[PDB]
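Heads up: the structure comes next, in structure tokens.
Every read-out reported here was derived from the displayed coordinates using simple, explicitly stated rules and does not represent laboratory data. Quick reminder, even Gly has a Cβ in these numbers, built from the backbone with ideal geometry, and neighbours come from all protein chains shown.
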Protein chains: 2
Amino acid sequence: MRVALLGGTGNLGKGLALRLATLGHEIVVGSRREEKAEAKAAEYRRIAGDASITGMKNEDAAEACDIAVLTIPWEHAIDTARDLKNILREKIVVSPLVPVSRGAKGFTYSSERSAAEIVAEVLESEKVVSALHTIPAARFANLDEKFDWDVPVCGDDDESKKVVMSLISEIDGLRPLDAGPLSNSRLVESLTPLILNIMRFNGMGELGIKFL
Amino acid sequence: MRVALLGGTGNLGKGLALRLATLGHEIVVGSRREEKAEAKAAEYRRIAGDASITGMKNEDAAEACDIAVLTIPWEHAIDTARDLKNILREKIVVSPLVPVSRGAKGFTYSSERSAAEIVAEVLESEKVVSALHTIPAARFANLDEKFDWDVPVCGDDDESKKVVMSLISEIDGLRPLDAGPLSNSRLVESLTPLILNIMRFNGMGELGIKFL
Ligand SMILES: C[C@H](OP(=O)(O)OC[C@@H](O)[C@@H](O)[C@@H](O)Cn1c2nc(=O)[nH]c(=O)c-2cc2ccc(O)cc21)C(=O)N[C@@H](CCC(=O)N[C@@H](CCC(=O)O)C(=O)O)C(=O)O
Ligand SMILES: C[C@H](OP(=O)(O)OC[C@@H](O)[C@@H](O)[C@@H](O)Cn1c2nc(=O)[nH]c(=O)c-2cc2ccc(O)cc21)C(=O)N[C@@H](CCC(=O)N[C@@H](CCC(=O)O)C(=O)O)C(=O)O
Ligand SMILES: NC(=O)c1ccc[n+]([C@@H]2O[C@H](COP(=O)([O-])OP(=O)(O)OC[C@H]3O[C@@H](n4cnc5c(N)ncnc54)[C@H](OP(=O)(O)O)[C@@H]3O)[C@@H](O)[C@H]2O)c1
Ligand SMILES: NC(=O)c1ccc[n+]([C@@H]2O[C@H](COP(=O)([O-])OP(=O)(O)OC[C@H]3O[C@@H](n4cnc5c(N)ncnc54)[C@H](OP(=O)(O)O)[C@@H]3O)[C@@H](O)[C@H]2O)c1
Ligand code: NA
Ligand code: NA
């Protein structure tokens with residue numbers, strides 16, 4: 001399928017672009033600046049080898065795709081989603097957004113409502129799927145890295161969720177697990193600050209999670 | 001050491017009793033009813049083989065221990081801790097309590113403040129350690145069961161946390177991980193409703209978690 005990675009010029013965007021493009025999916029890296037998206041798309045094609053990855057401004061990337069992933073810091077992702085609502089309302093939108101803050105006593109979940117539900121509200125869409133919150137970007141983007149991670153996925157539209165889970169499942173080392181309706185997104189997003197605390201208090205590097 | 005399992009006649013108490021008793025610890029199963037605790041202790045002794053396991057009413061078990069684990073449904077566990085506060089304030093108290101509600105649309109976290117922090121306030125004690133929330137009872141109680149799970153542990157008292165983590169570590173298949181101060185207990189407790197949702201929406205059996 002055609003997958004747009006909005007703000008795909010960054011940390012999580014690189015890993016998704018590399019992993020999905022090598023599986024043959026057509027990737028569009030979106031950026032606030034066309035030249036930056038083009039530059040990153042070129043860098044990603046070079047690393048991946050055989051790959052269809054094109055760069056364009058976010059608005060054009062959103063228009064071109066079937067599925068859009070918001071790989072943007074959450075507070076800004078909400079504004080970008082608002083900007084693009086007439087385009088994105090009709091597409092599958094994946095939210096990997098995590099409202100997390102740091103503090104003297106550790107990392108905390110920083111919102112009273114889940115980021116994914118906030119996005120669904122801004123877009124006035126029933127096709128928001130929440131996923132990818134527990135995939136550490138650096139390890140994910142390292143094509144030499146080996147991992148075995150589970151990816152909880154939430155959402156209210158059965159078809160949209162099925163498409164996203166199927167896509168995630170194609171990536172070797174990832175296993176998507178249905179966590180229910182979008183109202184469970186807070187439980188999924190909360191996994192990230194928990195993981196960051198485990199890393200902090202046990203002196204461990206980047207971690208994902210597995211249910212077993 | 002001497003470990004009391006308050007409400008240890010139930011699901012989680014059984015597995016803790018069998019695993020810890022075989023490791024040589026003195027176990028006291030507590031119940032609201034003396035006869036029920038004694039009957040369960042007899043059942044547990046039969047299964048574990050050579051082991052020191054006895055049963056008493058909760059108030060007597062709390063008095064006769066060094067570490068007390070609250071293996072009671074969360075709201076009632078808090079009332080029980082309040083009733084036994086003069087005894088428990090002086091012990092290491094382990095809270096595996098999870099505020100979870102099984103709803104029509106899924107499982108939800110049902111408290112604003114974490115269960116562990118509420119117990120700590122009722123006891124006016126800094127020796128409360130939050131742990132064991134993600135250990136599925138039936139699989140844990142099956143002594144033939146093979147498993148590899150991580151156990152996040154929170155608490156504000158270093159010594160108490162160290163004691164509990166050491167105790168958990170003795171059990172083959174369990175790896176305790178420091179998750180920081182007790183203020184992070186809500187993130188740990190929230191793992192349970194997330195797991196229950198995954199079991200429900202993917203049609204899976206009992207699951208634990210691993211950070212990798
Ligand atoms: C710049 C980069 O990241 P950083 O600035 O340290 O980032 C700190 C954090 O943001 C980083 O730990 C995040 O992944 C934390 N994090 C999240 N952080 C957030 O702020 N929000 C999130 O939603 C998020 C989720 C998440 C999920 C799971 C998890 O384990 C961690 C998560 C970094 O330091 N890179 C490493 C190297 C990373 C790497 O993979 N490099 C390559 C080699 C590259 C070369 O050859 O030079 C490799 O190791 O093979 C380094 O320079 O030491
Ligand atoms: C179907 C039923 O149970 P179930 O739905 O299979 O089990 C669901 C869960 O409670 C169980 O998986 C728990 O471990 C879930 N669970 C937690 N459940 C919680 O309630 N709280 C927790 O904190 C919790 C944490 C947890 C951690 C990880 C994980 O994977 C699961 C966790 C069942 O087995 N019941 C018995 C009967 C029980 C009963 O009382 N029946 C009656 C007789 C009924 C008759 O006449 O048929 C009787 O015994 O009196 C049976 O039919 O075999
Ligand atoms: N890092 C992780 O390990 C990780 C893991 C799981 C989930 N996530 C989540 O995924 C999202 C992306 O994280 P990330 O680490 O990839 O972020 P990032 O690298 O810090 O930023 C990604 C991109 O967002 C764009 N951006 C920055 N400010 C913006 C603004 N004001 N408006 C629009 N776009 C803006 C930039 O692209 P342009 O400059 O090209 O426009 C940037 O490259 C976050 O919500 C995070 O919670 C991250
Ligand atoms: N089941 C799991 O897989 C699991 C896993 C991790 C954590 N936990 C947590 O551990 C705790 C215990 O779970 P559990 O499944 O073992 O529970 P449970 O079997 O339903 O109940 C445990 C015991 O609590 C006592 N009890 C019940 N109602 C009570 C009340 N109103 N007042 C006082 N005591 C009462 C009973 O003992 P007496 O009748 O003998 O007094 C009962 O045997 C919970 O907080 C739960 O969230 C459970
Ligand atoms: Na896969
Ligand atoms: Na162990």
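Take the Cα of residue B:66, step 7 Å toward its Cβ, do the same at residue A:145, and the gap between the two points is 4.2 nm. Counting Cβ atoms of other protein chains within 10 Å of each Cβ in B:188-200 and taking the mean gives 5.
Sorted shortest first, the separations between the residue A:11 label point and its copies elsewhere in the assembly read 3.7 nm; each point sits 7 Å from Cα along the Cα-to-Cβ line.
Going from the fewest other Cβ atoms within 10 Å to the most, the residues A:1, A:56 appear in the order A:1, A:56.
About the centre of its Cα atoms, chain B shows a dipole size close to 720 debye [charges on the beta carbon of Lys, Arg (+1) and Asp, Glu (-1) only; nearest 20 debye]. Shortest first, residue A:85 label-point distances to identical copies amount to 4.9 nm, with the label point at 7 Å from Cα along Cα→Cβ.
What separates the residue A:144 label point from its copies, with the point 7 Å along Cα to Cβ, is 4.6 nm, written shortest first.
Rounded to the nearest 20 Debye, what is the dipole magnitude of the protein assembly as shown about its Cα centre when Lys and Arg each give +1 and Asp and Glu each give -1 at the C-beta? For this selection, approximately 240 debye.
Counted over all Cα-Cα pairs of the protein assembly as shown, pairs farther apart than 32 Å make up 40 percent. Cβ-to-Cβ counts within 10 Å put A:29, A:163, A:188 in ascending order as A:163, A:188, A:29, the fewest first. Within the listed set A:145, A:117, A:59, the Gaussian network model of chain A (springs between alpha-carbon atoms below 10 Å) gives the highest mean-square fluctuation for A:145. Phi angles across the stretch A:105-115 convert, under the Karplus curve 6.51 cos²θ - 1.76 cosθ + 1.60 with θ = phi - 60°, into 3J(HN,Hα) values of 9, x, 7, 10, 6, 9, 9, 8, 10, 5, 4 Hz, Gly and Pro given as x.
Give the separation of the Cα centroids, the stretch A:121-147 to the stretch B:156-178, in Å. After rounding, the separation between the Cα centres reads 32 Å.
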